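Scroll down for the structure; my scribbles are underneath it.
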Amino acid sequence: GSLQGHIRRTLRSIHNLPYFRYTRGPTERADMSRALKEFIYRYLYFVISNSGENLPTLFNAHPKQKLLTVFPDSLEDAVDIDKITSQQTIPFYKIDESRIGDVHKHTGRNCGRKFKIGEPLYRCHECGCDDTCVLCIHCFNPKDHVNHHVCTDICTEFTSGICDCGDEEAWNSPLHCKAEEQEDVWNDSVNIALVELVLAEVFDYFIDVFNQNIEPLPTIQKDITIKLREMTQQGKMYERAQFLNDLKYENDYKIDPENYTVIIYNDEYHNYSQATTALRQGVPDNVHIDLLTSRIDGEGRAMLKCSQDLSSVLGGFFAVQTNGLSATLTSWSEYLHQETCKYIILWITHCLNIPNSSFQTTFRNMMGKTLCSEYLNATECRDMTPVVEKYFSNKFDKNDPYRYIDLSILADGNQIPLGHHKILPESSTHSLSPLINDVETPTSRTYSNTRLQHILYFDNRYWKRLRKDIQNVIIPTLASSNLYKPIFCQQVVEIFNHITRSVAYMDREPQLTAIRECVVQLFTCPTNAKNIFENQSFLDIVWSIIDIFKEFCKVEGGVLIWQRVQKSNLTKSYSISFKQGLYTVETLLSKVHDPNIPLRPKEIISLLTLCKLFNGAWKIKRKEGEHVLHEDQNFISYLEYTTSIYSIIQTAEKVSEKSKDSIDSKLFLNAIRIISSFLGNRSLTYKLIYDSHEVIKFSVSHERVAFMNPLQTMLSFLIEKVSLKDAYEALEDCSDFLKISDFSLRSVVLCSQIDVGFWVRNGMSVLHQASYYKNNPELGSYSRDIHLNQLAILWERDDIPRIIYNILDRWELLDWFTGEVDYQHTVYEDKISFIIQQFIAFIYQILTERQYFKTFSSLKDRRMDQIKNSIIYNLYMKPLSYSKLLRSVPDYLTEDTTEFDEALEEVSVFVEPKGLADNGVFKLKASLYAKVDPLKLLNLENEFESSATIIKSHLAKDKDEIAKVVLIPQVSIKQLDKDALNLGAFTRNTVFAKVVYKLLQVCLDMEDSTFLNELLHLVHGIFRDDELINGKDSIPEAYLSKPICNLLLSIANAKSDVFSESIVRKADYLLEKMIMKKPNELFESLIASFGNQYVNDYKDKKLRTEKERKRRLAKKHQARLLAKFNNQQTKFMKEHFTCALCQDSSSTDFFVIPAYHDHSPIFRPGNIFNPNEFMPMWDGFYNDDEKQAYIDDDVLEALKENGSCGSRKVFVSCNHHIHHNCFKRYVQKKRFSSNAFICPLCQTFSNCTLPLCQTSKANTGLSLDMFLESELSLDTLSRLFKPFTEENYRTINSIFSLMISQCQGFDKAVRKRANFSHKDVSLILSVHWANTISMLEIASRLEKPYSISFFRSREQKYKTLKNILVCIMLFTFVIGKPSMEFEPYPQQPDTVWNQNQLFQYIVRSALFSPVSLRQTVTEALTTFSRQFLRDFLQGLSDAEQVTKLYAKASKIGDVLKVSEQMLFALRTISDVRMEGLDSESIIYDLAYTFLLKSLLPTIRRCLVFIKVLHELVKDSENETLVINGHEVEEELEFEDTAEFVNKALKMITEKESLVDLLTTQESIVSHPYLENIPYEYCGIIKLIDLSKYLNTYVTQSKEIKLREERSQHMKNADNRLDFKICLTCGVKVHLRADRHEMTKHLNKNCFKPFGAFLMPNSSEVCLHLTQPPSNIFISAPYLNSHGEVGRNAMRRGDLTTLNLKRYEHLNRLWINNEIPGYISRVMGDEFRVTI
Amino acid sequence: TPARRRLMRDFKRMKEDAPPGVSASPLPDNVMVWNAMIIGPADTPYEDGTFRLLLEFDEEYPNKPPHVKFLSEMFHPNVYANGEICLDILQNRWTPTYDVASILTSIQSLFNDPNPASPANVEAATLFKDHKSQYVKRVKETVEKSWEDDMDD
Amino acid sequence: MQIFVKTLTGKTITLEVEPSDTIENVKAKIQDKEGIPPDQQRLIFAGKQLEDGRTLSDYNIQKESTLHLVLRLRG
Amino acid sequence: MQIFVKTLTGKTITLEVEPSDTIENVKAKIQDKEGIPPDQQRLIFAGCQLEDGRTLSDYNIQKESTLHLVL
Ligand SMILES: [Zn+2]
Ligand SMILES: [Zn+2]
Ligand SMILES: [Zn+2]
Ligand SMILES: [Zn+2]
Ligand SMILES: [Zn+2]
Ligand SMILES: [Zn+2]
Ligand SMILES: [Zn+2]
């Protein structure tokens, strides 16, 4: 009722308010715009609700910022601006919270959910009926597609679309939404009527205001500017004011006007610089106009000035002509209404995000109904046509029916104007005219003329932001609405020509057109396409696109030919026009319901009219003389558009094949007749060579020739679809098939001519075009041309010699063949042999492949055979990976991925990868080698002998028969047509026999073998064809009259030097085969020219290698020359550590070895009472997928401390000896910083150095025996060092002092600690050495034989350990021991300095304290055991939980049993009164197992210490380590658990067993490191446990639970799939495309020095080293279903399983701190830029 | 002279153990010059092909690699038309430990697979990349010529 | 299965390499024994080079075979 | 004897140079025809630098051949 009038009065009075009345500065636009947005939102939300009380059902009643009411009181409370500008009201409409889970429940209706940036798209390659059907996260059910190819793609900025759940037509198989797997106020009539009223009024206001917005129209803006100029110089302002008032927006609810402004519009004419210059020239008063104004233009439009007085603004308005920017003059009220409509559209978009499902399903339906209802109010609303008629009568022709649409203006009475419709009459469909087929133009059309049509027609008046908003709000809503989808399709089709003409000719920014979205979301649907085809609207679309194309046509050779655009197109609209039109045609054809529809007379003639303009449009001429200065670029557009047409033809073929119903043969015959007649209408020069032989005159080397000929391709297709006899019948009676096949043969000849490099004088562009013509991605052009030539030969049963003369003429070989010119001086010059090779290949191809003439059971089998042949001819050269195989095979073959995979599986056998970074390869089956013909078309890229020899090697039973076997030509007549059996006619003709004879004779005379093998294979194929046709022992009579057997005999009885063995062996095989067929008629020919004694001896020569004598003489020569060399050597001799620069100098300068000194993330405390930590025994490396990656807070803090705290640093080096002077020269010359550099041998990163002294065991009796049994004083081993020298001693002092000063690997804490001197460095060096030993043990844990794992395969690690030990010993001996006065790491009662403090004390006692090792180990082990037993027994949370903990441990593994003596010992050490069970052996057993497992790392590290001690004292290089007369490896290989512990105690401790050790008294020593011994990690230390399949991290990210990083954990972080995964800690890192791609995870919340991140999307793991900014990418340890790794694995969405060995290699790379070294080595020369 | 002792223990290494298919010997008047032999490997196109080499040694052999030239006709992409196989990484700042036997074995290895990047005989490289007929035939005829070239120095 | 390997100077390297082992792992063993980076090593057997992706059995390697190391000649 | 030399921009120059000539002579011809400084340019044949001392026949360059010229 009054609601409509109230809405109209309010909306049509925005400028009437005093707040907006006066123009304001740019900073006051922002707050005014915010006020307008809030006012419009509030008012429309109040009205859309019933009287303004239904809001709480939509928005939150009590949001934040409450304390000014949440909702407006009444209509006046929402319309006022005093409250809004006072910032009193609150934005109640905002729903930006964490409760928005986009929960949408739909049944049948399309999801229609627009995709935000970063959201995945699940394009299933098998369920989807096309390549456009995607799915959203909430609509994707992974259960539906076990074992499918699901290509997951990440949504980007330019990728806009909707989900398609519930669309039964879009999916080949029914799918279940994930949601379905798990009082109404908006459904009453009153509310739906009210929302309909509001939406209708909104759209009517929008259309009314923009219908009068003709100012920014591209067609009119120019003369608006011109006329305004004219009235400003001729000084007649009255009519200027009249014009301005006429153009001003008008409504029914001095002399110069006021409240005016100047608005510029965005375009692609200019970049930022030119626009900024134009703005600066426009108005200098605008502050920062080159800065603030320019970026606003980047999003829609902007206003540069505004004032009441028009005189000032108009002077600056004329900046239009400065740079051509489409700037218009507009009134303030008009701008206000335009901004109002922009905010209205924003409000309509916002309304679609309301979570209320009922509100959405009502709002969308009513909005669609208003959009699709007929647009009334056309009469009442102001008609804008009279203004343009009156002011621009010159450009407005009265009689022209297209006077309106040529100006982008509606018709009189506000109706859609008349489009350039062109319906063709049936009387003009009989034949295909050389020019455009005759059509009629109707002068009347009855459009629906609805609101949606007006909005789409006004698409050239909007700005970028408003445009994009309008498409985003209209296209998805209507397209997804299953009720209004067909209506939307009809409405946009009826106005299709207007849209296309607008985007082509009249549009400022064509690339933002709505037609692309319309076609994508509408025409890609079987029902819409079926409805379009049922009418003639498809013909209208085709003819609109043809009319777009025909404006650039040209006349060449009696036909209409498309041309490259040369007119000024700075807007580039024509390229978008062509691309969009061709895509529309291809899309509409792809979804045709009835395959006969495109072939119907009107449809076929229209499609052929479209495709004719590009038939031979591109011509090239063989440049001769001077090479082309600049490569031609014109061919690119022709390539693009002809590729589009080729795709059109291929899509037509695909839809013909896939549709079950066949096609009426009459339609095929009619199409053949039409195309053949049109192509025969060509004009060709003729010539005669003999009296009665007439051929076409055309010199390819001189005249223009075309590669791509789509019409011949269509003709070949159509002839193939029907019988040969029917195809001949459909041919026009007065026609010459040579006229239509000569162009295809010209293309073939041109390709073979450029293949041999004849056209090198042209640029590389012609070679690119030629390679494109070969193996064309969309279609087989070359094979179709060969087929056309085969048809031309087969259909000339009257004048067969004429064909051969013509065929050989185009190759320009006729001058040589007839004897006109000599062989050497042909036009090809020296390249004649290669051309003849190609010619023989061409003839063999004509003869051999009869595929197009075969009849298969089904088209599926035909496609399967094509795929198999392509795979076979691509594989036999060498086994290849899946990615390379897909790259080689033509694109149109690989699209059906399932068929391609089936064919590949049937053809080849999978070869598993062997290495750790190689792809799985496919090897062609041996039995299929017999089916490879190395001369057929598929092997065109390769040479002939190479393929021949490869097939022979794969076919020879041994290396003896590499060149003694012949290749049978692949010629057969199986399943062949009756009329196709006579392809051998032109080969068996006399003229071709003479051609072969002349070729063989010239080959003998000039002695060139370049084309000889091909010629012999061709002769063999000719004989095989003749045998297949006639039958047994048949020979062509043509080669008998002309004695070719003499030439073959001359080939055979050569000197074995002119021709190779393969030529000789093949020729004799041909002779024997034909001689055996008939010897009598053939032996006469030989004696006719070669005499009798040759023939008689030939039989004696037969039945009895030649090179055996040659090999024997070569061997004898070898023996002679080697004897000579030995004699020379004898007479000559009768006559008579490694540095980097000072080779053989034997200098005493110390060899400093580069090393890496940095922290490690492998140190972590292990909480006691943890069954997962100490119970499970380790059988080497493993991976548990069932447990999700997770980290504990204490462990995370441990990694952070390891990154920060310097007490966990470790030395790792490459052991490459280098002089100190040479190292200094390397530093100075290469300018690396001394702090960090790269080793000059392995290029590995290094930061710290440590010299090695000249160790020696001479004149001493040291061994491990007195190391175990007597003191291990560091001097008692330093006695090994040789005596020094004063110069050497001071040099040592200097080098150690400079290393101490210049190396930052030393902890700053101990550097700044009190009483720190140069004598204290030994303690921290020993600490780092113990840390390195701990690293070695942790790494050794990963091996299967953990007892002796650390001994094997650590030779370089042992060398590093020996180097470090020698260096620290040299430092101590030279400088002096500090007497342990200063403690680098005080035993603080709150912090843990080192996680291996037990072994730290062991090292400190062994090296420094002059006491026996066997007693120090016992002391340390006893103290740690006492501490651990006290902690475990006196621990809590077990007294009533010992039973469940024991049960859990037994579930994990097996708990050892404690004997009665061990029971007594453990009770004596400590006993508990909490034992409440009958038998308390459970807690004792648990304590036993826990103590053993906790102690085992210390024991193994002690064994490693003993090992390095032996290596330091080894007598010989190969000396097995022996302890107490027993070999450690022999005595520890098969020792497990308690037995291993006891044997180790016997080996390393002065005691005899664990019981004996426990019996020892409680000796107490106050060493700093024995108080409150920390407990370290017991179990295997490695990276996180990745899932079995990488698809889980992509497909099922919602299902998988993973720990997340709070850094930037907002903005739909719960559904985006841009994240990485940290393998060190399991914390998933989200990539928000900001702040260095989120590299911050290293600087905090994880280990800092380095880390490895996994990217599931690309299936590659990245390694980061933080000291430089460097990082690398390597293949993730995931192996694809088809053997592939890297990014190629995840593409095409194949199942990606886990390879354990590769992941173990990654773990071993990470643990040993080789990751920085690996990263440094990968770059090589690139790493230099870092330093 | 350090270079003389270098060549002396190189000769000792050769006399003790010579890599298969490779042999060399210096000259009495000038030990600096050498005469070297190379046999084409078994599966290569150069099968049983024996090719002479000539090595004129610069005085600073540790600093500068010897100047090497073939004494027989060679058709290889990495071998110049003058027979002067070029070495340019042996003179780098940090060269690996090398002797004459090492470089001879490197040449023998190169005889199987050429290095298409940075070629010496451009026509040989283009012939190897495609149109292998003339390449294999020329290799065979060069083997024949090397066999026929009986030397009597 | 045991093979011998001679370095550039002539020092013999003793290795025990499984018949199915890859050439990349062989070069890893070489650098383990000596320290020359695997990417800096090319192996030649009977004068022909060896590629990383094929095993020792596929190259006809018998017991106590001799594999050589060669230079680069990238020039 | 024509060989095509491709410059940095993309333009190609044909030279009627005899095989007996030197690489430095080829550079001199290129300079004479285009006024380019031969010192800056470094004629490289399919990835191999060309020495001014050697001749075209030494590299065995003949008939059509593309010689990229990098300054
Ligand atoms: Zn599926
Ligand atoms: Zn759904
Ligand atoms: Zn969905
Ligand atoms: Zn030195
Ligand atoms: Zn190194
Ligand atoms: Zn992390
Ligand atoms: Zn697959």
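Chains as they are written, first to last, in PDB author numbering: chain A, 9 to 75, 80 to 194, 211 to 281, 305 to 1155, 1163 to 1194, 1218 to 1812; chain B, 3 to 155; chain D, 1 to 75; chain C, 1 to 71. For every residue, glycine included, the Cβ atom is placed at its ideal position computed from N, Cα and C.
- Between ligand 6 and A:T1720, a heavy atom-to-CB distance of less than 7 Å is absent.
- Between A:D787 and the set A:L842, A:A821, A:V800 and A:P828, the nearest pair of CA atoms involves A:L842.
- When the Cα atoms are used, A:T1336 and A:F1452 turn out to be separated by approximately 14 Å.
- At a cut-off of 8 Å between beta-carbon atoms, C:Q62 makes contact with chain B.
- Pairing A:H1298 with A:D1230 gives a Cβ-Cβ distance that is not under 8 Å.
- The C-beta separation of A:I1533 from A:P1252 comes to about 5 Å, placing the pair in contact by the 8 Å criterion.
- With a threshold of 8 Å between beta carbons, B:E125 makes contact with chain C.
- Listed along chain D is no residue with a C-beta nearer than 7 Å to that of A:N1788; the closest approach is about 16 Å.
- Not one beta carbon of chain A lies nearer than 8 Å to the beta carbon of D:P19.
- Pairing A:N24 with A:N279, the inter-Cα distance amounts to about 12 Å.
- The segment 1786-1796 of chain A and the segment 3-19 of chain B do not touch, with fewer than three beta-carbon pairs separated by less than 8 Å.
- A:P646 counts as buried, since at least 16 other C-beta atoms from the protein chains shown sit within 10 angstroms of its C-beta.
- Taking a C-beta distance under 8 Å as the contact criterion, A:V91 and A:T18 qualify as a contact pair.
- Contact note: D:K33 reaches chain A through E1436, using a C-beta cutoff of 7 Å and chain order.
- Here the alpha carbon of A:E181 sits roughly 12 Å from the alpha carbon of A:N533.
- Under the DSSP assignment, B:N37 falls outside any alpha helix (DSSP H), being part of the beta strand (DSSP E) whose first and last residues are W36 to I41.
- The distance from the Cβ of A:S588 to that of A:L633 is about 18 Å, inconsistent with a contact at the 8 Å cut-off.
- For A:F589, DSSP assigns no beta-bridge partner whatsoever.
- In the three-state scheme derived from DSSP, where H, G and I count as helix and E and B as strand, A:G140 is classed as strand.
- A:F83 has its alpha-carbon roughly 13 Å from the corresponding atom of A:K72.
- Per DSSP, D:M1 lies in no alpha helix (DSSP H) segment and is marked neither H nor E.
- Burial of A:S832 is indicated by the presence of at least 16 other C-beta atoms within 10 angstroms of its C-beta.
- DSSP, read as helix, strand or coil, puts A:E1132 in helix.
- With the criterion CB distance below 5 Å from any heavy atom of ligand 1, the matching residues run A:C136, A:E138, A:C139, A:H157 and A:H160 along the chain.
- Look at A:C1320: its beta carbon is at least 7 Å from all of the heavy atoms in ligand 4.
- Assignment of A:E440 by DSSP, reduced to helix, strand and coil, places it in the helix class.
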